[PDB]
Amino acid sequence: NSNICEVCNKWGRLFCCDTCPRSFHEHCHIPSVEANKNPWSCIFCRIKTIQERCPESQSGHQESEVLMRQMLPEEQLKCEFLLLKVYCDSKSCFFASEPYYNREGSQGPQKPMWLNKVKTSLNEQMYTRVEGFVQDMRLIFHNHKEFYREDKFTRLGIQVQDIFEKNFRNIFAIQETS
Ligand SMILES: [Zn+2]
Ligand SMILES: [Zn+2]
Ligand SMILES: [Zn+2]
């Protein structure tokens, strides 16, 4: 196995995948690393199995159809993995915990949102369709853009949204366009 967490790139108390070389902190893996299960297979491994079981699942899809999918186990897993891909970027720190808003000339968002809130909402099965999860994720970045206005810090929202959107297109096999 690797000697650092795949998500945060730090050492520590690492749980090791049995089917690939990755390792994880317990609360860095999504879902949190399971109590028993020997062998244990990480989310990367579980996503690759889905693809291998149904190769046609990589054919292009329309985003509108993806969003309307119910959160059955395979879509639940895909959202977990997309969330994890965002935490993989170090810039996710800015969006992880509950924000607060007190800047001259701006007003906070009507509906604050943050990664750990989305993580809880997935864990508690609060989303019934893919659209629920994607809306809350895009809301994080939209709130940041609107609040920070012309401050150059707005760019952090653009950057981490780009990571989200590239991974969304990959994981859900969105049809490539010009
Ligand atoms: Zn970690
Ligand atoms: Zn693995
Ligand atoms: Zn098949």
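When a residue number appears, it is its place in the shown sequence, counting from 1. The basis for the numbers below is simple: all heavy atoms, side chains too, and nothing from hydrogens, waters or symmetry mates.
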Is the CD atom of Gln58 crowded by more than 12 outside heavy atoms at less than 6.0 Å? yes
Give me the atom names and distance for the closest heavy-atom approach of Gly12 to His25. CA-NE2, 3.9 Å
Please walk me through it: do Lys119 and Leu83 pass side chain to side chain contact (heavy atoms under 4.5 Å, CB included)? CA-CA 8 Å; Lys119 182 179 279 194; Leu83 182 56; 3.9 Å; yes
With a 6.0 Å cut-off (strictly less than), is the heavy-atom count around CD of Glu56, excluding the residue itself, greater than 12? yes
For residues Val118 and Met137, determine if any side-chain heavy atom of one lies less than 4.5 Å from a side-chain heavy atom of the other. yes
Could you tell me the separation between the SG atom of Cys42 and the CD1 atom of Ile30, rounded to the nearest 0.5 Å? 12.5 Å
Nearest heavy-atom pair of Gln161 and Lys145: which atoms, and what distance? OE1-NZ, 4.4 Å
Determine, for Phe168 and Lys78, whether the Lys NZ or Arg CZ falls below 6.0 Å from the six-membered ring centre while staying within 45 degrees of the axis. no
Is there a side-chain contact between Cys54 and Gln51, using heavy atoms and a 4.5 Å cut-off? no
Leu122 and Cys79, any side-chain heavy atoms less than 4.5 Å apart: yes
Test your reading of the model: is there a side-chain donor-acceptor pair from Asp18 to the backbone of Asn38, 3.5 Å cut-off? no
What is the minimum heavy-atom distance between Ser2 and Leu14, and which atoms define it? O-CD1, 4.2 Å
Not counting sequence neighbours, which residues clear side chain to side chain contact (heavy atoms under 4.5 Å, CB included) with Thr120? List them please. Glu124
Answer yes or no: is there a donor N or O on one side and an acceptor on the other, between the side chain of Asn143 and the main chain of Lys111, under 3.5 Å? yes
Compute the ring centroids of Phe15 and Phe24, then answer whether they are less than 6.0 Å apart. no
Taking side chain as C-beta onward, heavy atoms only, is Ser32 less than 4.5 Å from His27? yes
What about the rings of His29 and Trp40, do their centers lie closer together than 6.0 Å? yes
With a 4.0 Å cut-off on N to O distance, would you call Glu52 and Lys48 a salt bridge? no
Distance-only donor-acceptor check, side chains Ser41 and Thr19, under 3.5 Å: yes
Geometric class of the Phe164/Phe141 ring pair [parallel <30°, tilted 30-60°, perpendicular >60°]: tilted
Between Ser23 and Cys16 (side chain of the first, backbone of the second, donor and acceptor by atom type, cut-off under 3.5 Å), is there such a pair? no
Is there a donor-acceptor pair closer than 3.5 Å between any side-chain N or O of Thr49 and the backbone N or O of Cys45? yes
What is the distance from atom CD of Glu75 to atom CG of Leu67, rounded to the nearest 0.5 Å? 10.5 Å
Residues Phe44, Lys85; criterion side chain to side chain contact (heavy atoms under 4.5 Å, CB included); working and verdict: CA-CA 10 Å; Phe44 289 86; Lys85 285 290 193 158; 3.9 Å; yes
Looking at side-chain heavy atoms only, is the closest gap between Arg22 and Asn1 below 4.5 Å? no
Within a 6.0 Å radius of atom CZ on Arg103, are there more than 12 heavy atoms belonging to other residues, nucleotides or ligands? yes
With a 4.5 Å cut-off on side-chain heavy-atom distances among I, L, V, M, F, W and Y, is there a chain of contacts connecting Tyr101 to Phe95? yes
For residues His144 and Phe94, establish whether the separation of their ring centroids is below 6.0 Å. no
Tightest non-hydrogen contact, residues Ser97 and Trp114, listed as O-CB, 3.4 Å
Step-by-step side chain to side chain contact (heavy atoms under 4.5 Å, CB included) determination, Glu80 to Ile43: CA-CA 8 Å; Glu80 288 166 345; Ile43 192 153; 3.9 Å; yes
Is it the case that over 12 heavy atoms from other parts of the model lie below 6.0 angstrom from the CD atom of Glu74? no
Check the hydrophobic clustering (I, L, V, M, F, W, Y; side-chain heavy atoms under 4.5 Å; chains of links allowed) and say if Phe153 and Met113 are grouped together. yes
In terms of heavy-atom contacts, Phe147 and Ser106 come closest through O-OG, 2.8 Å
In sequence, state the C-alpha distance, the side-chain angles, and the governing distance for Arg46 and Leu77, and then conclude on side chain to side chain contact (heavy atoms under 4.5 Å, CB included). CA-CA 8 Å; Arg46 302 171 64 190; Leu77 194 71; 3.7 Å; yes
Donor-acceptor check, side chain of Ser121 to backbone of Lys117, threshold 3.5 angstrom: yes or no? yes
Using a 3.5 Å cut-off and no angle test, enumerate the donor-acceptor pairs between side-chain atoms of residues 171-178 and protein atoms at least two apart in sequence or in another chain.
none

Within residues 126-142 or reaching into it, pairs that qualify as side-chain hydrogen bond (donor to acceptor under 3.5 Å, both in side chains) - sequence neighbours excluded: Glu63-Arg138, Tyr127-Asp136, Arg138-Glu165
Testing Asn167, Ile47, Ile163 for side chain to side chain contact (heavy atoms under 4.5 Å, CB included) with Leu82, which one passes? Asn167
d(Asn116 CG, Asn123 CG) to nearest 0.5 Å is 12.0 Å
